[PDB]
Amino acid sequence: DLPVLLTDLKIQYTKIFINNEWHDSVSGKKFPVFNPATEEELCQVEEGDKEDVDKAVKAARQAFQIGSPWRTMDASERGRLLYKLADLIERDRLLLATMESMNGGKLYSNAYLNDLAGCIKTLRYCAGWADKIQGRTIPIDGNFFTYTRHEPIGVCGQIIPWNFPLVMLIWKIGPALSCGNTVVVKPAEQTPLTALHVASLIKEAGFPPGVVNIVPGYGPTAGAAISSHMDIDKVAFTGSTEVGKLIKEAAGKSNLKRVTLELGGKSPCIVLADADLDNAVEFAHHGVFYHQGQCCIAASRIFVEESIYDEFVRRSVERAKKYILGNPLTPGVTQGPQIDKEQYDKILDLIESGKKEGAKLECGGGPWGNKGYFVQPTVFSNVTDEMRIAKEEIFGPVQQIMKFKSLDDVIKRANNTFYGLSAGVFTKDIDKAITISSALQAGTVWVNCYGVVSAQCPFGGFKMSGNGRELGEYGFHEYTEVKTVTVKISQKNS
């Protein structure tokens, strides 16, 4: 069932969302928003700056004050509001998926069946945690009653990437709100639109004003304002490792706000000679090519044992040669455009090093079409470890395939990167599955699969791929602040 919108899409929500009302930018300036597939302007959106971030934080700060409706309402009712928001997003599933496909260059079937289903499901998961966040009672030494409160932190700045605008909006706001925080959200400059629609739905659902504020605009302007703000308690960011470093620096120099980062990767797969070959090819393929290669977990280094390497490469190239490039919205189309020019350029430049540095180009290797930021799906075999394409996150439809003979050595190669977001292990051997996945320095390790993400699981990076975890029981910790209360008593009893 892939249903579509009967009527053409209208853009309605284009303004800054503060205290559940729509504001013009303080400057009165606006910025254009484009369709990556056509390069055509879709609309203009109010451009947020430091000055508008300041109005947004004051609102969030006020909504967080002791005695406010958001602080005093039952935790179960915070949960209710989140499940209501999920019902509303479900109601507008067609609209939101179309806007996502059109604004983000995302295949409509994926937008409809995966992104929107993931938004709704993650929101419902998070709603369920709200009244299940608990502290402890603790048998402290001495005559004292000690307990802990796992309080909300406060005003959380949240910077959302362009690759999954809806899903990452919900990954951020779901846990933050479930825990009782207020938020100031900065959607990606490329993709502000679906966040602004969701904001209209946060108002409709009845969240108190100031609990969620959305400020579109640029990273170097509105993003830096958030990251350096003296009354924002925490920043959450997903994006490049480079910008990740700036945020952590800015937090340190400003007010020591808490920081969680989900950054890039150069995620490896190790395919043992005993693996289900077809299964490893299929998962490794979709693992690196999903959403035009624009996933932080891109399986961008595939290590295959020598005796099956040739056969793996062949089957891989075959699968890569089956795509149909075009408008995300057209049925049958199986690959959309890259998000924008900056990205488009870096990917072509990286594809060019592949050749110069002397990888074996099996298919693809250039642009496609007359308009839109389309890159041909590309496969390099015989890649080696000092090559740019083997070290640098491409964030493009470009697969690297290498050979290995020694398991000891391939694990060292797999781990020999500053990244560490994810990895895959393909084998039928129980002992190898357990021991290899233990030895990989990666936040998520898939065995005989790839790219399996769900709300029930914590997700995040080792090393420079990130700090902290999102989702699962564990992810919920990073939106709480623990307070210990210790009360003098005449005499304790166990």
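Note that residue numbering begins at 1 and tracks the sequence as displayed.
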query	finding
Stretch with the higher entry mean CA B-factor, where the candidates are 219 to 227 and 187 to 195	219 to 227
Comparing 334 to 342 with 100 to 108, the one whose average Cα B-factor in the PDB entry is higher	334 to 342
Selection from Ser465, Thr38, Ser437, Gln62 [criterion: highest C-alpha temperature factor in the record]	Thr38
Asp115, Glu249, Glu262, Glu282, ranked by C-alpha B-factor: the highest one	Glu249
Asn20 - Cα temperature factor, lowest/middle/highest third of chain	middle
Modelled-residue ranking by C-alpha temperature factor, third containing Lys58	middle
Third of the chain's Cα B-factor distribution that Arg71 belongs to, per the entry	lowest
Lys30 by Cα B-factor - lowest, middle or highest third of the modelled chain	highest
Entry-reported Cα temperature factor of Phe164, expressed as the chain third it lands in	middle
